[PDB]
Amino acid sequence: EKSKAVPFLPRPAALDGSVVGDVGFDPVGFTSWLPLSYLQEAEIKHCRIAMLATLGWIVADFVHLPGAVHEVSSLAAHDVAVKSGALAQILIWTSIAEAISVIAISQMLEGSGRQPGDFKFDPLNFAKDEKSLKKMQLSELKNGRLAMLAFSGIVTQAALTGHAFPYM
Amino acid sequence: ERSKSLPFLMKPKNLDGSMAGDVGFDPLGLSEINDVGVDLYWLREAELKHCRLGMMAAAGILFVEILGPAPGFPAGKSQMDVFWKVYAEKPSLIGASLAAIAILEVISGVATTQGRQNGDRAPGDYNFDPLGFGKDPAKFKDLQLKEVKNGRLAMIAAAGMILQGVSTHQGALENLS
Ligand code: CLA
Ligand SMILES: C/C(C=C=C1C(C)(C)C[C@H](O)C[C@@]1(C)O)=C/C=C/C(C)=C/C=C/C=C(C)/C=C/C=C(/C=C/[C@@]12O[C@]1(C)C[C@@H](O)CC2(C)C)CO
Ligand SMILES: CC(/C=C/C=C(C)/C=C/[C@@]12O[C@]1(C)C[C@@H](O)CC2(C)C)=C\C=C\C=C(C)\C=C\C=C(C)\C=C\[C@@]12O[C@]1(C)C[C@@H](O)CC2(C)C
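As stated in the entry header, the method of structure determination is cryo-EM and the reported resolution is 2.88 Å.

K.L.:
Requested: an account of helix α2 (residues 79-89) of chain B, with residues and values cited.
P.N.:
Residues and elements named next belong to chain B. All of the buried residues in α2 are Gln-79, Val-82 and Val-86. Projection of α2 onto a plane perpendicular to its axis shows the buried side chains occupying an angular sector of 50 degrees, all on one side. Exposed residues lying more than 90 degrees from the buried face of α2 are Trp-84 and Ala-88. Buried residues along α2 sit in contact with α1 (40-67) and α3 (91-117).

K.L.:
Lay out unusual backbone geometry with the relevant residues and their values.
P.N.:
All names here are of chain A. Positioned with a positive phi, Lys-2 is a non-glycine residue whose angle comes to about 60 degrees. Mapped onto the secondary structure, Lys-2 falls in the segment before α1 (36-60). A positive phi is found at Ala-13, a non-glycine position, where the angle reads about 70 degrees. Looking at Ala-13, the relative accessible area reads 61%, which means it is exposed.

K.L.:
A description of α1 of chain A should follow, citing residues and the corresponding values.
P.N.:
The end-to-end C-alpha distance of α1 of chain A is 36 Å, a good match for the 36 Å that 25 residues give at a rise of 1.5 Å each. Those residues of α1 of chain A not exposed but buried are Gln-40, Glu-41, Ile-44, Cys-47, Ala-50, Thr-54 and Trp-57 of chain A.

K.L.:
Can you tell me about the site of ligand 2, naming the residues and giving the values?
P.N.:
All names here are of chain B. In the vicinity of ligand 2, the contacting residues are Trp-42, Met-80, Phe-83, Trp-84, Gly-109 and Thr-113. For ligand 2, an oxygen atom lies 3.0 Å from a polar atom in the side chain of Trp-84. One nitrogen or oxygen atom from the side chain of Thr-113 is found 3.4 Å from an oxygen atom belonging to ligand 2. Here ligand 2 has 1,000 Å² of accessible area as a free molecule, and 30% of this is covered by the chains. Those elements giving two or more residues to the shell around ligand 2 turn out to be α2 and α3. At three residues, the largest contribution of residues to the shell around ligand 2 is made by α2. Partitioning the shell around ligand 2 into residue classes produces four nonpolar, two polar and no charged.

K.L.:
Run through the site of ligand 1, naming residues and quoting values.
P.N.:
Residues and elements named next belong to chain A. Residues in contact with ligand 1 amount to 16 residues; listed here are only the nearest, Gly-56, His-64, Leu-65, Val-72 and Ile-90. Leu-65 is positioned with one of its backbone polar atoms (N or O) 2.6 Å from an oxygen atom of ligand 1. Elements with a minimum of two residues in the shell around ligand 1: α1, α2 (77-84) and α3 (86-109). Top element by residues in the shell around ligand 1 is α1. It accounts for six residues.

About the cut-offs
Residues numbered from 1 in each chain as written, not as in the entry; some residues may be left out. Chains lettered and ligands numbered in written order. Part of a larger assembly, values for the part shown. Heavy atoms only, no water. Buried < 20%, exposed > 50% of the residue type's maximum accessible area, 1.4 Å probe, protein only. Helix = DSSP H or I, 4+ residues; strand = E, 2+ residues; numbered from the N terminus. Arc of directions from axis to C-beta. Contact = heavy atoms within 4.5 Å. Expected span 1.5 Å × (residues − 1). Near = heavy atom within 4 Å. Polar contact = N/O pair within 3.5 Å; in protein donor to acceptor, adjacent residues only side chain to side chain. Areas by Shrake-Rupley, 256 points an atom, 1.4 Å probe, with all protein chains shown as cover. Nonpolar A, V, L, I, M, F, W, Y, C, P; charged D, E, K, R; others polar.

Dropping the structure here:
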């Protein structure tokens, strides 16, 4: 009762405390008719994709790969990269990763034990015990949400005003 | 048995004494509506939202007309017509404000329906007391009465300002003198 985020709204009844980044924020009750693991996986995937996208947009408006095709702004880079076939390679490998993801999310939903977003990818450690893993999961979630909103703002401002890196 | 405000009318059944500003002024018996998701809880929440919105709007009109606009913002003293001048030059501000108000209003409606269902939240309550001006009781009732009276007065005032600006196309205090 009385979820932490919205103090005047009831607790979403599906987010008690046992999830990283769980401040009880679900006013429209998306968790009431969708699996929690599915939504967590979707959120983490969005976080990672948008973090990579924000970093790439900002960097590519500064540094360009050698070649005349890579001499466009990130706003206009989509139509150039799709014509050159640059985005085709990313599409192919992302589709391979996403088919393996289809298998992984199916197994997670039907038992297994794989945590949402846990691909066990960890060449370095950066997370030795449970406490470090929880703290870094919270950091990843917060940074990913911030980067999703940041990429949203960057794209909207750049489309509104065709400016360089300062999209004001 | 008779309403305090209207002695020629019987006391409205649903308005005993609880809500701040209750004087029994329900001649049409609207407090007894229990249909289309509308009841005393919904009516009180709507009244409080109207009170707060009217207070904010009246304060904004008076502030802008007396102390002038903020730097970089248009002038004209007609608040119903300066809106189109702001939108003509800063449409993004208006759009962002509208989107924020839309999200907050969706949250407000969800909260109203939930609090009506599992009764734990008083109508118009959003737990918004950052400065702790209404922590203790015996002052909360007085603050509720003050808010309700000021909000009704500002509702009437803001409706008047809207109509005056739409019709006369002049400022509020311009109409005053
Ligand atoms: C969402 C991810 C994403 C997407 C869709 C793109 C898309 C694009 N980038 Mg880009 N970029 C990204 C992230 C991304 N970038 C990141 C994170 C960086 C920082 C290193 C850059 C740095 C960058 C530069 C410097 C340039 C581009 C350019 C371009 C355009 C054409 C060439 C190209 O594909 O990039 C080539 C990308 C690189 C050389 C660096 C990519 C490094 C990756 C993203 C990090 C490692 C992630 C890993 C491989 C994930 C594995 C995927 C899995 C399925 C196997 C194209 C529109 C070029 C352009 O035309 O600019 C307008 C260009 O000059 N990008
Ligand atoms: C279904 C729903 C929402 C909901 C729900 C949920 C989501 C299901 C959740 C719950 O469970 C139930 C329920 C029902 O709550 C309904 C949504 C509400 C609506 C339909 C929104 C309406 C808002 C309209 C407003 C507030 C417009 C005001 C216009 C003004 C104009 C201003 C002007 O300046 C302009 C522009 C020109 C100037 O010249 C002069 C004037 C004219 C003054 C003043 O502001
Ligand atoms: C800034 C913003 C969001 C900021 C979010 C932040 C900081 C989030 C922080 C967190 O996530 C972290 C970091 C960690 C989480 O655990 C906790 C929180 C705290 C939640 C959203 C802006 C959101 C801004 C929005 C939605 C603006 C919308 C504007 C619109 C629609 C206007 C459109 C128009 O103006 C045009 C474009 C042209 C005109 O011609 C037509 C019209 C329509 C007038």
